[PDB]
Amino acid sequence: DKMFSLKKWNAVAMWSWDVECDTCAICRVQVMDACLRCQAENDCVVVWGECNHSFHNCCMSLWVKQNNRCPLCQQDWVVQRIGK
Amino acid sequence: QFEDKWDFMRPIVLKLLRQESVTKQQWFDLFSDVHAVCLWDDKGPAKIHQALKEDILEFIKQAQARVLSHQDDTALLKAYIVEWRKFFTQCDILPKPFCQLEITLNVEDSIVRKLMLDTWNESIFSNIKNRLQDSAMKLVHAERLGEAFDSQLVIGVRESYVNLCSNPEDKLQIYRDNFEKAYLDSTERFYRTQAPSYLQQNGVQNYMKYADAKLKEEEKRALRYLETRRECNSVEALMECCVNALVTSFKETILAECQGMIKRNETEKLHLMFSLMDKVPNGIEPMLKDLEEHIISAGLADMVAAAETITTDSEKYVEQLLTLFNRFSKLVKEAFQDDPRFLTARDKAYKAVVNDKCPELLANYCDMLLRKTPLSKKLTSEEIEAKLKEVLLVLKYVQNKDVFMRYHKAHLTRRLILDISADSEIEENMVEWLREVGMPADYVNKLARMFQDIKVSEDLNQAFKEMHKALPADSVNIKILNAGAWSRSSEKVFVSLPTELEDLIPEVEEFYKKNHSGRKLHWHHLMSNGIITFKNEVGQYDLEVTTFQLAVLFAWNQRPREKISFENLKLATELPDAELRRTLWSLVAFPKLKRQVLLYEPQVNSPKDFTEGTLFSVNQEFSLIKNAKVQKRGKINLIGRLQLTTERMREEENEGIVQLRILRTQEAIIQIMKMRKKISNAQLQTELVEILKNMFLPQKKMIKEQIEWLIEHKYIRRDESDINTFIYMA
Ligand SMILES: [Zn+2]
Ligand SMILES: [Zn+2]
Ligand SMILES: [Zn+2]
């Protein structure tokens, strides 16, 4: 019977693919940093797939031209979000 | 020879010419002798015509006198007609006893008949003619004055004009060239005089009515005074003349009336005008213009003015747009008789109204309608949908459809996270509704996915509600969402939670991982909220507060009377100043409360007013207040806008759109180039506009930039002879 006794909690969280917020996977620079093309020929931003996998928009766009699937799993690819 | 036969023929011929009792025997005596004349006498055919000319003339001259003598113009025509009828009758009878003549010199082409018609003209109808016409026209004028003379007098004259020129080469020569001519001379003269006399004192509508009435009367006169035997065609021109001479001339003022009637939605007056001006070759077309103008102006006036007063008032935004649509739709359906040209003028004009340009507001507004706002609370679920149903129109007209949907979806995402919809069905309706607009599946599908995701998240939630038995499972509701869509940004304002929650999360993560291998949670506490029973000296009140607020409040769970600084709370909650301040502000200054959850030393008006040294404590006098009385228990919400969409989010969405436009454009270029291996900038840009048309209007600048990119990245290349022509590469 405390001052603010928990009665209800509407928790919100999202999920993504685990491993580490590391590299881009196609390329390899930090998902938050420039990519193979920018950091060399200098905006490398992020893009998501309905499969919850995230890469630099510039790296996954180039890859999709060989085949329209996700580099990590192999499901048909579909952009979920371009927003950062 | 002629001189041997004619002496027996004549007597009979005369009787034919005088319409006397030609007996059967005479019919044949003559007929037989006609043949004998033409056959026996090489000049017979001519002599017989000559003798006929003389015999005919005698009759015609008698007829002339019988008509001419009547200085009274109407008596004259009566006589004219009488003589005419006898004359015409013989014109059709005589060729019978004379078939042999007509065959040698076809009773339909009858030469004698021609001579008869010509003689009539020579003695009467091309001279007393002047009076035949003046009289007929005076009578036509009489019909127009209201002096409805026995129509037959003029009709008779017209029949004569026509029959006289019955010559198959131009059956209406005289009639048209002289009767219709004269008709118009009298028509236009009459009305060029009277049509102004009318308007001179009458209002425009009165005249218009009179005018149309006159036209109807003229159609009747056309059926009477003018010819109906055949299509005539020129008869229509005569009606056109009536219009031009009278109505088109007056049109110069009628159009001013148009504009007025449009402004007042005087559909009946304008309806008349539509019909009258449609007859006018250059009336109704200006009316199209007038309609277009008013609609656009209304947008620039009514729509824009509304938008400025609206801010968040979605109902007015929606209805104002739709009111205009419907006001003018009705106008066209009635005033402009549902005519495609006006429907088009309206369509184009309204499109401008809609684009006179911020679908992002329309999106905010649809949200207001869809969700459980104070606005939506005044509407029946059906009314909410209905307003949106009508909005379909607006969106169809909106060019930058992606804008609306971007913001709508952003709102949906939130609505589903917080479950703050007006109801469940309205959300489903909204998704289908967007389909009804004809909007891009990319957005519409994603909205649908948001709902599907909630389902999945809830399956998980339920598992927790059943398993965790930190708290009594059930009490907690955990929504684990697809970050790739739900995490609209990377904004994850981590907050340290109450023990009851911190000791739960490890289990959430544990369970989650055991069932969702390969996945990772993103504790978006920012969007999390809950209920706590607020124990006070005065009672126990549930509080509906954000997770952040729960963390703030946690600070005093075992020590309500101890003062905790802003900074200490910051630390207790591990929050940034911005969010901390907002949540604290509500706790010490939430609207509509007579009691705040937390007490504090210095007071704040707004979140920015907090200082690190600001001391907070638990409001042990806190209570739900009813009739200014302290209740022993109850419940108060202190969340409000804490979890609702800021200029920041608005801009983030704006740029997101821009980038989508860029991405889609680039992809579209690639697709186009794959389709057509080599095309001009014009072809490329055209196709890009079309492909992306249902989302937005592509700008050539953007396209250019995407082209340069694609060239640099070897997707396409410029033609060696034309930098505007591109060739697919790689
Ligand atoms: Zn890059
Ligand atoms: Zn993937
Ligand atoms: Zn990358």
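Residues numbered from 1 in each chain as written, not as in the entry; some residues may be left out. Chains lettered and ligands numbered in written order. Heavy atoms only, no water. Residues with missing side-chain atoms left out of burial classes, pairs and counts.

Draft legend 1. Representation of the overall build of chain B in the model. Within chain B, the secondary structure is distributed over 29 helices and 13 strands. In terms of overall size, chain B is more extended than a compact globule, its C-alpha atoms giving a radius of gyration of 47 Å where 730 residues would be expected to give roughly 27 Å. Projecting the C-alpha coordinates of chain B onto the three principal axes gives extents of approximately 150 × 70 × 45 Å. (Helix = DSSP H or I, 4+ residues; strand = E, 2+ residues; numbered from the N terminus. Rg over C-alpha atoms; globule rule 2.2 N^0.38 Å.)

Draft legend 2. The UniProt feature "binding site: Zn(2+) 3" in chain A, seen in detail. Residue and element names in this part refer to chain A. Mapped onto the present numbering, the UniProt feature "binding site: Zn(2+) 3" falls on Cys35, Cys38, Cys44 and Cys58. Beyond its immediate chain neighbours, meaning those up to four positions away, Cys44 contacts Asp33, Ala34, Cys35, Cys38 and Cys58. Among the secondary structure elements, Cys58 is positioned in helix α2 (residues 57-64). Residues contacting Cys58, with those up to four places away along its chain left out, are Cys35 and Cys44. (UniProt positions renumbered as here; feature names shortened; annotations may be inferred. Contact = heavy atoms within 4.5 Å.)

Draft legend 3. Focus on the packing of helix α3 (residues 44-68) of chain B against helix α4 (residues 73-93) of chain B. All names here are of chain B. Where α3 meets α4, the axes come as close as 8 Å, and the angle between the chain directions of the two elements is 155 degrees. Relative to α4, the element α3 is oriented roughly antiparallel. In this structure, α3 contributes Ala63, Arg66 and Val67 to the contact, and α4 contributes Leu76, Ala79, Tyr80 and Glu83. Classifying every residue of the contact of α3 with α4 by side-chain character gives five nonpolar, no polar and two charged. (Axes fitted to C-alpha atoms, helices over the stretch in contact; angles between N-to-C directions. Parallel < 35°, antiparallel > 145°, perpendicular 65-115°, else oblique. Nonpolar A, V, L, I, M, F, W, Y, C, P; charged D, E, K, R; others polar.)

Draft legend 4. Representation of the UniProt feature "binding site: Zn(2+) 1" in chain A within the structure. All names here are of chain A. The positions UniProt marks with the feature "binding site: Zn(2+) 1" are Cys24, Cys27, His56 and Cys59. Note on placement: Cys27 falls in the loop between β1 (4-17) and α1 (38-41). Setting aside chain neighbours within four positions, we find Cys27 in contact with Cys35, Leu36, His56 and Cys59. When you line up the elements, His56 lands in strand β3 (residues 54-56).

Draft legend 5. View of the pairing of strand β3 (residues 529-536) of chain B. By the bridge criterion, six bridges tie β1 of chain A to β3 of chain B in an arrangement that is antiparallel. Bridge pairing in β3 of chain B links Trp9 of chain A to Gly530 of chain B. Of the pairings in the sheet, the one linking β3 of chain B to strand β4 (residues 539-546) of chain B comprises eight bridges and is antiparallel in character. Residue pairing for β4 of chain B: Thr533 of chain B is matched across the bridge by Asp542 of chain B. (Pairing = 2+ DSSP bridges.)

Draft legend 6. Examining the domain arrangement of chain B more closely. Taken domain by domain, chain B holds domain 1 (1-127), domain 2 (133-252), domain 3 (284-439), domain 4 (457-525), domain 5 (528-639) and domain 6 (650-728). Taking only C-alpha atoms, the centre of domain 3 of chain B and the centre of domain 4 of chain B are 39 Å apart. (Domains from an automatic or database assignment.)

Draft legend 7. Main features of the state of the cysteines. Residues and elements named next belong to chain A. Bridging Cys24 to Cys27, the disulfide has an S-S length of 2.0 Å. Disulfide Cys24 to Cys27: torsion about the S-S bond roughly 100 degrees, handedness right-handed. Put simply, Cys38 and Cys44 are joined by a disulfide, and their sulfur atoms are 2.0 Å apart. Classification of the bridge connecting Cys38 and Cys44 rests on its S-S torsion, roughly 100 degrees, and on that basis the disulfide is right-handed. (Disulfide = S-S within 2.5 Å.)

Draft legend 8. Seen up close, the sheet that holds strand β5 (residues 564-565) of chain B. All names here are of chain B. In spatial order, the strands read β5-β7-β6; together these three strands make up an open sheet with antiparallel pairing. At either margin of the open sheet sits one strand with a lone partner, and together these are β5 and β6 (598-600). Here two bridges tie β5 to strand β7 (residues 615-618), and the two strands are oriented antiparallel to one another. In the sheet register, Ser565 faces β7, and the bridge partner there is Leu615.

Draft legend 9. Here's a closer look at the sheet that holds strand β11 (residues 678-680) of chain B. All names here are of chain B. The three strands are arranged β11-β13-β12 in an open sheet whose pairing can be described as antiparallel. The sheet terminates laterally at β11 and β12 (716-719), the two strands that pair on one side only. Strand-to-strand, the axes of this sheet are offset by a mean angle of 35 degrees, without reference to chain direction. Examined bridge by bridge, β12 and strand β13 (residues 722-728) share four bridges and lie antiparallel to one another.

Draft legend 10. Up close: the interface of chain B and chain A. Listed by partner, the interface residues are 32 residues for chain B and 21 residues for chain A. Looking at the side of chain B that touches chain A, the elements with two or more residues in it are β1 (476-482), α21 (483-486), β2 (519-522) and β3 of chain B. A class-by-class count of the residues in the side of chain B that touches chain A yields 13 nonpolar, 14 polar and five charged. Looking at chain direction, β1 of chain A and β2 of chain B are connected through four bridges and run antiparallel. Bridge pairing links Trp15 of chain A to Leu521 of chain B in β2 of chain B.

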